[PDB]
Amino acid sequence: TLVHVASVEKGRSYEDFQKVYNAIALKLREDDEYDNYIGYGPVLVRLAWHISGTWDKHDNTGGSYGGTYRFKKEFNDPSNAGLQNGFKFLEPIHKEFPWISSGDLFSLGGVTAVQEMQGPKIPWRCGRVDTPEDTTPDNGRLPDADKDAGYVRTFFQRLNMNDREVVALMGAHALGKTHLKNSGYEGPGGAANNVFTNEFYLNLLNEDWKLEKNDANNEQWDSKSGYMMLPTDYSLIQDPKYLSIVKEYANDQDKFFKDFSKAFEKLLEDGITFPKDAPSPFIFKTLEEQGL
């Protein structure tokens, strides 16, 4: 087991990171046409998850700390198809704030996106340090979408996530959409796909889903409303343990927000050792809270 100790970017404090947050949030507002006016919020959330979701608790390989998504092996992972859009978005931010590490920038992008899309506050800690190209994890550590509940459950044990954490994290599938050219799946999970809500769970329970083949010859569940669920999403209502939690979140927006916030921060921090005297986690104000 590798140790990665958080090391604060020299001399930086809350105000420095709130500036980076603000720069990301302002660009999110400005660049509003992307993906047929969905905007960049969803892809930034997905980027933060995929740079973290390479982690393996068994040896502390992968994970957000090293910022290794900047390297071509990872950038070109077929599981990461489409995330180049998020990376391109963050490039001018990194150029303006060259002092922030890549892992800190990619994870902060995800936090900023969730909060700006009216999601829960997600406490965030700085101190990821860029690591060399040879620390880049091999492709194939991110999950397949064509599998069942047992696959999902086992997969997430490698990220030290339990059933409640898994179900809560999957609620992010209310955001953005699947794109046939990226993943071989097509369509959004709901109507409000750039505002963070518990719609994923309501739609799983309330829509009439039909198992169909899309134009890439992959099965997905489709509703008459024009929504879709991946087999892995649908597995959350097939498995009785997942189903109970899906119902809980469909019936309690606040509980979903609180549980998502904890699991998402945990996901973004897996593999990182925080010194006892590290700064407390930062809670950034949204543009709206700042009157910006």
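Numbering starts at 1 and follows the sequence shown. We call the rigid core whatever largest set of C-alpha positions still superposes within 1.5 Å between the two forms.
K.L.:
Can you check whether 161 to 169 or 185 to 193 lies farther from the displayed model in 8 other deposited structures of this protein, averaging C-alpha distances as RMS after superposing on the core?
P.N.:
Farther from the shown form on average in 8 other deposited structures of this protein: 185 to 193.
K.L.:
Mean C-alpha B factor from the entry: is it higher for 163 to 171 or for 200 to 208?
P.N.:
Mean C-alpha B-factor is greater for 200 to 208.
K.L.:
State which stretch shows the higher mean Cα B factor in the entry: 76 to 84 or 116 to 124.
P.N.:
So the stretch with the higher mean C-alpha B-factor is 76 to 84.
K.L.:
Of the choices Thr135, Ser102, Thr178, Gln157, which one's C-alpha carries the largest B-factor in the record?
P.N.:
Most elevated C-alpha B-factor of the set, per the entry: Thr135.
K.L.:
Report the option among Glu265, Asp59, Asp259, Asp252 whose CA atom has the maximum B-factor in the deposited record.
P.N.:
Highest C-alpha B-factor among the listed options: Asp59.
K.L.:
Within this chain, which third does the Cα B-factor at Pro42 fall in: lowest, middle or highest?
P.N.:
Lowest third, going by the recorded CA B-factors of the chain.
K.L.:
Looking at the temperature factor on the CA atom of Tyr151, which third of the chain's modelled residues does it land in?
P.N.:
Its C-alpha B-factor, which the entry lists for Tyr151, ranks in the lowest third among residues of this chain.
K.L.:
Within this chain, which third does the Cα B-factor at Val111 fall in: lowest, middle or highest?
P.N.:
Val111: CA B-factor falls in the lowest third of its chain.
K.L.:
Which third of the chain does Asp277 land in by C-alpha B-factor: lowest, middle or highest?
P.N.:
Ranked within chain, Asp277 CA B lands in the highest tercile.
K.L.:
Lowest, middle or highest third: where is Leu28 by C-alpha B factor in its chain?
P.N.:
Its C-alpha B-factor, which the entry lists for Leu28, ranks in the highest third among residues of this chain.
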